[PDB]
Structure formats: structure tokens, C-alpha cells
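**Student:** Take this structure, written in C-alpha cells, and hold onto it; I'll ask about it next.
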Ligand SMILES: Nc1nc2c(ncn2[C@@H]2O[C@H](COP(=O)(O)OP(=O)(O)O)[C@@H](O)[C@H]2O)c(=O)[nH]1
Ligand SMILES: [Mg+2]
């Protein structure tokens, strides 16, 4: 069975964990420890093809990342770059995560999708047009999602898988 290692990155609080849990477990989580980084697997069918999705949900903040206990970006085949549409700071930070991915992969050609999450919220501050302009400058798809309503959730992950299949 074909395996796809996807990595979800972005600023703290944008919904990386909520997006992952919604895709895998079909439930919206109202809170999820921001320091929890883990892989979540689920068998899906995308465009008729069976595959095993391995999703690495990252913390997004060095503060949360190192908040460990008694205990990759390298192995990831595609990346979801998430901001929240009611979080201008998370959008302003997207370039940092984009540069991180290219550095850790030593490539300009990495499968990647820009995700604008929380589109169920009315207090929007990032316009769809400006997120689209940013995605065009990277040459990557832009997808609006809501981990709460499920809008765009499958589409964001499936598009990333399709970008990986295109990348061979
Ligand atoms: N209304 C709404 N809230 C969301 C959405 N996605 C995440 N949240 C909330 O945003 C907060 C942070 O989400 P979380 O997944 O922990 O963000 P993370 O730090 O990037 O993993 C949580 O309280 C979630 O319930 C969404 O699409 N819509
Ligand atoms: Mg999280």
C-alpha cells in the first residue's frame, strides 16, 4: 500500500491539531495541548486510490516544540502550511515556515499547500485574495478550511497528496 507522510506546520493556535483530528477521527476538538506532536494514521481512498496517510502534527512554536518530558520535517513528503483567517500574525509568519521547509529539504520544489483555517469565523482579517496572492508567489495551491465544519479539510489533505503524486 502506498504511504504518504504529510507534515502540518504553522503558528501556534491556527488549528493544526484540530485539522489533523478532524481528518483522522472525524471530530472537532475544542482544545488540544499545543506541545503535543505526534503522527496519526488513517487509510483513505483518494481519486479511487487506496493509501495510508501518515500525518505529523507539529507544534509550530519552538516554545511548544521543546516543552518535552522524558523524551520528522526531513522524512515528510508534503507539507500543509496553515494560518488562521482571523489571525493576521499567523499569516505574517507563513514565510518563516515556507523557508524552513525549503531549508530542511534543500529544495525549492517541495509539495506544499497553503491552508487558511477557521473560515467558519466571521471576524476575518486575512482576505482570500491576499492569501491567493501569497500562494501564487510560491506556486502552490491555496485552500480555505474549517476544522469545525469540515469545509475544505479533505480537499486540503487530498490536494497535498495529489501534489505528491505529481512530484512522483
Ligand atoms: N472556530 C474554529 N476554531 C478552530 C478551528 N480550528 C481550530 N480551532 C480552535 O483553535 C484552537 C487551537 O487549535 P489547535 O488545533 O490546538 O491549533 P494548533 O496549535 O495549530 O495545533 C482550539 O481551541 C481549536 O478548537 C476552526 O476551523 N474553526
Ligand atoms: Mg497542536
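These residue numbers are counts, starting from 1, taken along the chain as shown.
Here the Cβ of each residue, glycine as well, is placed from N, Cα and C on the backbone.
Quick paste of what Swiss-Prot says about this protein:
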- 1: N-acetylmethionine (MOD_RES)
- 2: N-acetylthreonine (MOD_RES)
- 10-18, 29-35, 69-70, 117-120: GTP binding site (BINDING)
- 32-40: motif 'Effector region' (MOTIF)
- 35: (Microbial infection) O-linked (Glc) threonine (CARBOHYD)
- 105: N6-acetyllysine (MOD_RES)
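Pulled these features from the PDB entry for this protein:
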- 65-71: insertion (SEQADV)
**Student:** May I ask which of the binding-site residues 10, 13, 117, 120 is closest to the residue listed as 'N6-acetyllysine' if we compare their C-alpha atoms?
**Tutor:** 10
**Student:** Have a look at the binding-site residues 13, 16, 32, 120 and say which one has the shortest Cα distance to residue 1 (N-acetylmethionine).
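**Tutor:** Its closest listed neighbour, by Cα, is 16.
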**Student:** Should we count any of the recorded positions 1, 32, 35, 105 as near ligand 1, judged by a CB under 6 A from one of its atoms, and which?
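**Tutor:** Correct list: 32.
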**Student:** Could you tally the C-beta atoms, other than its own, that fall within 10 angstroms of the C-beta of residue 32 (GTP binding site)?
**Tutor:** 14
**Student:** Counting only other Cβ atoms and using a 10 Å cut-off, which of the recorded positions 2, 35, 117 scores lowest?
**Tutor:** 2
**Student:** Kindly assign residue 16 (GTP binding site) to one of the three DSSP-derived states: helix, strand or coil.
**Tutor:** helix
